[PDB]
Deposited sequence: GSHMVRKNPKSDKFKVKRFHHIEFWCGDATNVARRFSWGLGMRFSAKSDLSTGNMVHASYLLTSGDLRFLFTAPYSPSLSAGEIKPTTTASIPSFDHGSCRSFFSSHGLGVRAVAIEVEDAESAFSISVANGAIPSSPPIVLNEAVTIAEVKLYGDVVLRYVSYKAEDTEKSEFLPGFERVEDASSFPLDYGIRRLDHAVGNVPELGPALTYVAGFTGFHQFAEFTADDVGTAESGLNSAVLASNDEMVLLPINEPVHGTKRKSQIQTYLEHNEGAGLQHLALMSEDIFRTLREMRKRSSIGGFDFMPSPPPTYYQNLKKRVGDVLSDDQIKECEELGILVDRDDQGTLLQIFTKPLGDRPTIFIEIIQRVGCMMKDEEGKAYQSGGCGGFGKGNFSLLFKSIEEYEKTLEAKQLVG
């Protein structure tokens, strides 16, 4: 059931912003590892004396990497005279964030009809304000409220090209990499207490719970009206056999924060071929693959959806497969993106639920906990 209770008009995920110590090195690493093009910048060369911000794009996916300059470059500025292109940016906040959490997501940005209205309605409905609505060049409005931990939900609305003050990138510096990634499917937070986190976010958005179907977690998914903005939240389950990965996250992250970004591919086979080729030459590593018993067991579960060759391709790439009552999910997880065992990336492709494809088709793979455990002792039984 979907009561379509959004308190303001929400469109799609717009961008994800990482707060970095050095935006250049993280952006270049991510560009090569994920096949994303350098498409916009705001930095010293564009007159920004406050922060360096670099935008990578792949299809509709937008990753922004931002780091602070020395405060001395802008010590004469005040907010009315700022050269920052993102007016919510604060040197102290950014340094405190990265010192506390390491490299990670500061902002989950969604595009809305009216960011000023979204901010006002959110705050009237319990949202903790983080940065008030600000109109940029009479063309774009940005506002921010707290989501969880030090992560903010950023509202962006356009009157009618990323943000004013950003410049399109050089072409020589813009190599057209593309491994098939096309959009953000969902963005997942880890918190100590799921109940109060859900109540808070659902309280100020009107997002509804997305229906599902002990591994150390309890989770729930909040969804917009058309279920294209999907914000799952996890809490740890304590006392289990193996220590909860959610608890490890909270310890190494110094509390709640964004756990994973799931990136939809239009061809997950190509994406994983291209990413795995680059794992050991600057790109991303992937978790250890399931045993061959898992891919043996795929015939009975999804043999009506994938051929033997397509299943063999999944086995070659370490891809996981789950199924809803509506659709099928192909997914795989990277190792952590940086030094800490905190944020990682999921690559996904969904098949089914054709109307366009409806959001969340096939679920989020919670069935793969049983099937992985079921595969593990099965391969031990050889």
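- Would you flag the ranges of the deposited sequence that the structure leaves without C-alpha positions? Those stretches are 1-6, 167-172, 226-233, 376-382, 410-417, listed in order.
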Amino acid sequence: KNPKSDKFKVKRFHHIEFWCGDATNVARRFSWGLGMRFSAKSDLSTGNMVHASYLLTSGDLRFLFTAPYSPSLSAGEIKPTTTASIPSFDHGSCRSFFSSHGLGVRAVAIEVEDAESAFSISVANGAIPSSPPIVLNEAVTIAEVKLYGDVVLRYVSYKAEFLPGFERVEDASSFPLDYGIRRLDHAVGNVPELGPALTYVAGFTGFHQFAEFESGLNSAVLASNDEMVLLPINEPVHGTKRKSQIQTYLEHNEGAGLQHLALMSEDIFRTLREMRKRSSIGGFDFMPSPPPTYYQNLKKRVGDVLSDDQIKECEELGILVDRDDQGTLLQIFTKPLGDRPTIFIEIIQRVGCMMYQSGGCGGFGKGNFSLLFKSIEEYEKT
From here on, numbers count along this sequence of modelled residues.
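- Query: Of the two stretches 304-312 and 261-269, which shows the higher Cα B-factor on average in the entry?
  - Reply: Between 261-269 and 304-312, it is 304-312 that shows the higher mean C-alpha B-factor.
- 215-223 or 86-94, whichever carries the higher mean Cα B-factor: Mean CA B-factor is higher for 215-223.
- Message: Out of 252, 186, 159, 183, whose C-alpha atom has the biggest B factor in the entry?
- Response: Answer for 252, 186, 159, 183: 159, with the highest C-alpha B-factor.
- Query: Which of these has the highest Cα B-factor in the record: 292, 232, 283, 104?
  - Reply: Largest recorded C-alpha B-factor: 292.
- Message: Among the modelled residues of this chain, does the Cα B factor of residue 28 put it in the lowest, middle or highest third?
- Response: Its C-alpha B-factor, which the entry lists for residue 28, ranks in the lowest third among residues of this chain.
- Message: Considering every modelled residue of the chain and its Cα B-factor in the PDB entry, is residue 118 in the lowest, middle or highest third?
- Response: Its C-alpha B-factor belongs to the middle third of this chain's values.
- Check where residue 170 lands among this chain's C-alpha B-factors and tell me if it's the lowest, middle or highest third. Its C-alpha B-factor, which the entry lists for residue 170, ranks in the highest third among residues of this chain.
- Where does residue 237 sit by CA temperature factor within its chain: lowest, middle or highest third? Tercile = highest for this residue's CA B-factor.
- Check where residue 179 lands among this chain's C-alpha B-factors and tell me if it's the lowest, middle or highest third. It falls in the bottom third of the chain.
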